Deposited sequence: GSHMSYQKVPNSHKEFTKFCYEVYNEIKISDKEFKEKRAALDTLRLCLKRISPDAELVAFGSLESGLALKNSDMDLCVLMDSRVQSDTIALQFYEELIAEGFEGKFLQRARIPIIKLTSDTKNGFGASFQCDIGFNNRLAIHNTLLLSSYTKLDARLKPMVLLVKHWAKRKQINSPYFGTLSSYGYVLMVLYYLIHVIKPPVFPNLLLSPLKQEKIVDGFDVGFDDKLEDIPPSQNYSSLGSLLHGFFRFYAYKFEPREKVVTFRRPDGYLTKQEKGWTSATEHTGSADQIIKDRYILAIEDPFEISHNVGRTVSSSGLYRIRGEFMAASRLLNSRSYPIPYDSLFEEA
């Protein structure tokens, strides 16, 4: 069945998704930050990537921006100028540089009225993140069930304290890939095809990596999987609870059958292995510790048990209760 659970899922979905109102304030915030960039560099562009761009944002969403420019112009100099304009415009934040990568972290806004806790990260020529976001955007457009599924999983993972990359668990991006991987390579019939392995896929190389995938989305047949949202979620919790073998396997988008061992990859951290679809050298689950993985797995199991439970009524609410 899953009829009541599905109904419940859409109810929570409508409560947790970014309201149209907040979306518009974030968009106005973007226009403001672009005006400040025009004052410093007329030829640079400021693009949004990540969850706001792909439509996978919860309420109180952070903003992820990227500055594009001529590669022959050094990003640290324009970054510092952009930072000084932002301070002068009444934004508060930090300017930092890990290795050769400059980053601005905006933490507040004191004048333009976008919040006392306005959070916004700004990178420089982070072209790979843009492409990651193009991929997720295209899937989101491809099946309407992806968006609610992702948000519910994100919301679940926050409530269970298993969404902390700094404390031994997994990033939200990591959970998006686990979902997508399930929808492409596990569920039968598949919900989505692998756009990177499409025969129609055209190679496009950016910063050393191949970011090509099939984006002629209107030519793709709709899914032959008719599962309800509730059923997809249960399938997803079931798979990572009982079927997926984190000790030996890699979540991957580069194999026709989704099979990849850690040994082929040389991934002896790699407690949990998720191969970024484009940046294949990057293990998205590298933040996941031993105890972190134990808790992630246990929560997957507990979510399965709950949806499989025989005691009626099933306390669906306890899926989003704090651990």
- Message: Where does the structure fail to cover the deposited sequence at the C-alpha level?
- Response: 1 to 11, 280 to 294
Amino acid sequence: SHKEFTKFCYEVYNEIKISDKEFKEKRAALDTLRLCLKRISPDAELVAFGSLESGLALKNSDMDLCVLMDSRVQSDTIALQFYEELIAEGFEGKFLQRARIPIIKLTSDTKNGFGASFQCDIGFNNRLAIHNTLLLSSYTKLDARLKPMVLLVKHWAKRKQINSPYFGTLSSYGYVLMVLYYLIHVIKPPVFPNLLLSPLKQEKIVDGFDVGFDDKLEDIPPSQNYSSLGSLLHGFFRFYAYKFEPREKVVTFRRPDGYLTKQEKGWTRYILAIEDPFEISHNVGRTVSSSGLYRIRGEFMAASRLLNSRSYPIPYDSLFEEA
From here on, numbers count along this sequence of modelled residues.
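Take the two forms, superpose them, and find the largest set of C-alpha atoms that agree within 1.5 Å; that set is the rigid core.
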- What stretch shows more C-alpha movement in 5 other deposited structures of this protein relative to this form, 130 to 138 or 75 to 83, after the core is superposed? 75 to 83
- Query: Looking at the deposited entry, does 299 to 307 or 20 to 28 carry the larger mean Cα B-factor?
  - Reply: 20 to 28
- Task: Could you check which stretch, 62 to 70 or 285 to 293, carries the larger mean CA temperature factor in the entry?
- Result: 62 to 70
- Residue with highest C-alpha B-factor in the PDB entry, from 133, 126, 140, 77: 77
- Query: Highest CA temperature factor in the entry: which of 57, 273, 48, 35?
  - Reply: 35
- Item | Relative C-alpha B-factor of residue 233, binned into the chain's lowest, middle or highest third | lowest
- Task: For residue 99, return the chain-relative third of its C-alpha B-factor as stated in the PDB record: lowest, middle or highest.
- Result: highest
- Message: Please say which third, lowest, middle or highest, residue 166 falls into when its CA temperature factor is compared across its chain.
- Response: middle
- Lowest, middle or highest third - CA B-factor, residue 188: lowest
- Looking at the entry's B-factor column for C-alpha atoms only, identify whether residue 277 ranks in the lowest, middle or highest third of its chain. lowest
